[PDB]
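These values consider heavy atoms only, across backbone and side chains, with no hydrogens, waters or symmetry-generated copies. In the text below, chain A, chain B and the rest are named by the order of the sequence lines, each starting its count at 1.
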Amino acid sequence: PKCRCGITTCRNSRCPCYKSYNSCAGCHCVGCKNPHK
Amino acid sequence: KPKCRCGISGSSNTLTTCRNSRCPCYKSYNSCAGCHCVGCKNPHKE
DNA sequence: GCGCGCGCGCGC
DNA sequence: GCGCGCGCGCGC
Ligand SMILES: [Zn+2]
Ligand SMILES: [Zn+2]
Ligand SMILES: [Zn+2]
Ligand SMILES: [Zn+2]
Ligand SMILES: [Zn+2]
Ligand SMILES: [Zn+2]
Ligand SMILES: [Zn+2]
Ligand SMILES: [Zn+2]
């Protein structure tokens, strides 16, 4: 997967990676706050 | 009349091409005569 | 071809 | 009824 949040960011259900319990490795988000390592 | 470039890139749902509100022609109830769209699905005619 | 940004639409 | 991620037309 690969989100585009930020143009709580990536820290909620509206973000795929968060929801799927994955990190934003390779994502195109901005100001990512996904705590997933 | 407007001139859309709908559908040029590859990655795009080909069944909604010139058949939704993002198309100026479709939205303005125009045909795509003179347009440069690829895979036009516009149901209007004049 | 790429990136910007608009606006659709779903999930709450 | 709202909010924002995402699909894609458009300027360049
Ligand atoms: Zn995200
Ligand atoms: Zn992500
Ligand atoms: Zn993120
Ligand atoms: Zn069109
Ligand atoms: Zn057209
Ligand atoms: Zn068309
Ligand atoms: Zn469904
Ligand atoms: Zn279903």
Discussion item. Going by side-chain hydrogen bond (donor to acceptor under 3.5 Å, both in side chains), name the pairs with one or both residues in residues 4-16 of chain B, residues two or more places apart or in two chains.
Written reply: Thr14(B)-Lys41(B)
Practice prompt. Give the B/S/- string for nucleotides 4-12 of chain C, one per nucleotide from 5' to 3', where a protein heavy atom under 4.0 Å of the base yields B, of only the sugar-phosphate yields S, and otherwise -.
Written response: -BBBS----
Discussion item. Nearest 0.5 Å, please: how far is SG in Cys32(B) from OH in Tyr26(B)?
Written reply: 11.5 Å
Fill in: Secondary structure string for DNA chain C (Watson-Crick or G-U under 3.5 angstrom, | for other-strand pairs)
||||||||||..
Worksheet item: Residues two or more places apart in sequence or in another chain: which of them pass side chain to side chain donor-acceptor pair (under 3.5 Å) with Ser21(B)?
Response: none
Fill in: Set of side chain to side chain donor-acceptor pair (under 3.5 Å) partners for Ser20(A), sequence neighbours left out
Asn22(A)
Discussion item. Using a heavy-atom cut-off of 4.0 Å across all strands, would you classify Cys15(A) as base, sugar-phosphate, or nothing?
Written reply: nothing
Worksheet entry | Stretch residues 24-37 of chain A: residues that reach within less than 4.0 Å of DNA chain D through a heavy atom | none
Discussion item. Side-chain heavy atoms under 4.5 Å apart, restricted to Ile/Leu/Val/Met/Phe/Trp/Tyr: what other residues fall into the cluster of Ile7(A), or is it alone?
Written reply: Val30(A)
Discussion item. The criterion is side-chain contact (heavy atoms from CB on, under 4.5 Å); which residues satisfy it with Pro16(A), sequence neighbours excluded?
Written reply: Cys3(A)
Fill in: Earlier contact from the 5' end, DNA chain D, for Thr9(A) and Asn13(B)
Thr9(A)
Worksheet entry | Set of residues satisfying side chain to side chain donor-acceptor pair (under 3.5 Å) with respect to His36(A), sequence neighbours excluded | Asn34(A)
Item to complete: List in chain and number order the residues that pass ring pair (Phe, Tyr, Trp, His ring centres under 6.0 Å) with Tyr29(B), two or more places apart in sequence or in another chain; answer none if no residue qualifies.
Response: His44(B)
Practice prompt. Dump the intermediate steps for side-chain contact (heavy atoms from CB on, under 4.5 Å) on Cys17(A) and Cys10(A), then the final yes or no.
Written response: CA-CA 7 Å; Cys17(A) 338; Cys10(A) 300; over 6 Å; no
Worksheet entry | Whether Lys3(B) side chain and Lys1(B) backbone form a donor-acceptor pair below 3.5 Å | no
